[PDB]
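Before any questions on how it binds or moves, here is one chain, the form deposited in one PDB entry, in structure tokens.
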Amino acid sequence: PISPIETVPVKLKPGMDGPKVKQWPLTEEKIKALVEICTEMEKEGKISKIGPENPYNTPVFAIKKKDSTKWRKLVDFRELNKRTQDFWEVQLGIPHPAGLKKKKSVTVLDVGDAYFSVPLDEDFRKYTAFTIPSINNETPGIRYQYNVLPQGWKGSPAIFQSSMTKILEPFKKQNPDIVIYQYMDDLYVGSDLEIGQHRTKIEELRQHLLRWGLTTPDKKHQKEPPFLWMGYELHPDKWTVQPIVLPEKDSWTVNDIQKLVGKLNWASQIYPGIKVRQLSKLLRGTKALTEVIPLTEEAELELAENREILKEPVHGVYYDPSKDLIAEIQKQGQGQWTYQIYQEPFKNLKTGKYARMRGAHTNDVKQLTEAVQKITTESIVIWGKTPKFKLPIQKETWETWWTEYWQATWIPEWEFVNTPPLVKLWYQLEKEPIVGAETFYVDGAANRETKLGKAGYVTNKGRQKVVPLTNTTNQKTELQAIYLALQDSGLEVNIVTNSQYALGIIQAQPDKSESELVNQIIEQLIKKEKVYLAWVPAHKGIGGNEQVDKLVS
């Protein structure tokens, strides 16, 4: 005698009616095997037959279980999903083995036929109607409606998942000494009890589920490590990911690299040093998934270095709340950053990488701050606290940055680790004009129609230059003018401009840019010894600003 699960009220979107889509042409191979399952569900109580008074319908079909002789049945409720009320998902994230505390006894079991053990809403079962062709639609055919949560309905995951929590709620309160990680129907159970009391605790829970109609088939009951859980392998003192499949195909399409880079990201959670910059660079462009891509020299070298990391097996450890969390970051170049999170040296809880390039112009300090932020949020999710950081940047470098930057920025408690390449600021702008340094009044202009322009400067010593430019913009000529002044000045120079655009970029001390021109300006700034940038308003009759504006306009 099972206990009935209270149904969850489900509605359609206001002013909308059930789905009426009828059926797609079905091959006889599928039409046959389906009718066998229809009767099985009717006998088992999963489905009801009566549907002549039901004007709604949703297509049905089936395909093969992954590399199995069995046919998998699924309903395309995409039309009903549009008409179904919106749900708030209670699944907020994916649990991670690096967050598991070591438990003396562990068990992993699943619920048999989860969706089909949860009663659908009494009033809503009518909208799940579906029709199967008897024999190629020769005869009307058998119609059915779901009495339980069907696969493919946007509300099934949230409803089952929440029902699972109410069922587990009493057991956990009456057994606080146990830890249960519930992910859908997959359950992780661990305790420091003796294996005997553990199997007793397991059977108390295993019966607690059957009372509410939830079976626990021994086909999915794991009692001996390594436990297969969430795509990992759980050993008593270590964990690792289930083996990864690296495509070795010698002819790479667009979709080949997408699948390739995808698996490398998944591997980067424990395999240190994974890089996907050059491989993903091949993917940039609105090219179809079928186009074959020749691997560049760097993209081929990056893939080789990844094989060197993945050829060797790596393991992760478990979390110890008594010890502090340590996060260490290393610079990999080209805006790539890798990190490791650990509590004791060389026994990593997990690893990761940050390679996001945000903004056309940036520097290593900004990217390091962003890597720290990603790690921080990731750590609060898995462990609920912020780790201590070991960063390849000197305290002096960071202080100079955050104290001078006009935007508020901060890094949590951290210490410097001398692990080249170090992060540094490649140049620093003066705060006051340099005495005895030539003053370049720069300016630029571009004809909006012809796209032609000029860039140049005039100096206090009578030095002048004007340069013609083709296929340019006002903004580009303003940067070009500054570049000219840096090229044509000594190691110390004062530069006066009215380009708010140019000053905003340069004052942020970028060390890398998507703009060829900005990178050339950076190259000049790194060579200088003193550079004072000053802004003045345009068209106000100021100094050489009015003079150079004439030359270039």
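In this text, the rigid core denotes the largest set of C-alpha atoms whose superposition between the two forms falls within 1.5 Å. Residues that one form lacks are left out of the comparison. The first residue of the sequence shown is number 1, and the count goes up from there.
**Asked** Of 30-38 and 524-532, which one has the bigger average CA B-factor?
**Response** That would be 30-38.
**Message:** Quick check: 140-148 versus 400-408, which has the larger average CA B-factor in the record?
**Reply:** Comparing averages over the C-alpha atoms only gives 140-148.
**Message:** Sorting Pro157, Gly285, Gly316, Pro272 by Cα temperature factor from the record, which one lands on top?
**Reply:** The C-alpha B-factor peaks, among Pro157, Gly285, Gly316, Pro272, at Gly285.
**Asked** In this PDB entry, which of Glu297, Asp185, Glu415, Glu430 has the top CA B-factor?
**Response** It is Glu297.
**Prompt:** What third of its chain's C-alpha B-factors does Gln475 belong to: lowest, middle or highest?
**Reply:** Its C-alpha B-factor, which the entry lists for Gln475, ranks in the lowest third among residues of this chain.
**Request:** Ordered by C-alpha B-factor within the chain, which third holds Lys220? Give me lowest, middle or highest, please.
**Result:** Tercile = highest for this residue's CA B-factor.
**CA B-factor placement of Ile195, once the chain's modelled residues are sorted into thirds** = As the PDB entry reports it, the C-alpha B-factor of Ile195 lands in the highest third of its chain.
**Message:** Lowest, middle or highest third: which one holds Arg72 when the chain's residues are ordered by CA B-factor from the entry?
**Reply:** CA B-factor rank for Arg72: highest third.
**Prompt:** Which third of the chain holds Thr253 when residues are ordered by C-alpha B factor: lowest, middle or highest?
**Reply:** Highest third.
Omitted here: the form deposited in another entry. The next part is about that form.
**Prompt:** Is it true that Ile50 shifts between this form and the one not shown by 2 Å or more at the Cα, once the core is aligned?
**Reply:** No; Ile50 is a residue whose C-alpha shifts by less than 2 Å between this form and the one not shown when the cores are overlaid.
**Asked** Does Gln500 move its CA by 2 angstroms or more between this form and the one not shown when the core is aligned?
**Response** Where the cores coincide, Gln500 shows only a C-alpha shift between this form and the one not shown that is less than 2 Å.
**Message:** Aligning on the core only, does the CA of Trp426 end up 2 angstroms or more away between this form and the one not shown?
**Reply:** No; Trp426 is a residue whose C-alpha shifts by less than 2 Å between this form and the one not shown when the cores are overlaid.
**Prompt:** Once the rigid core is lined up, which stretches of 3 or more residues in a row have C-alphas that move 2 Å or more between this form and the one not shown?
**Reply:** This is the sole shifted run between this form and the one not shown: 63-72.
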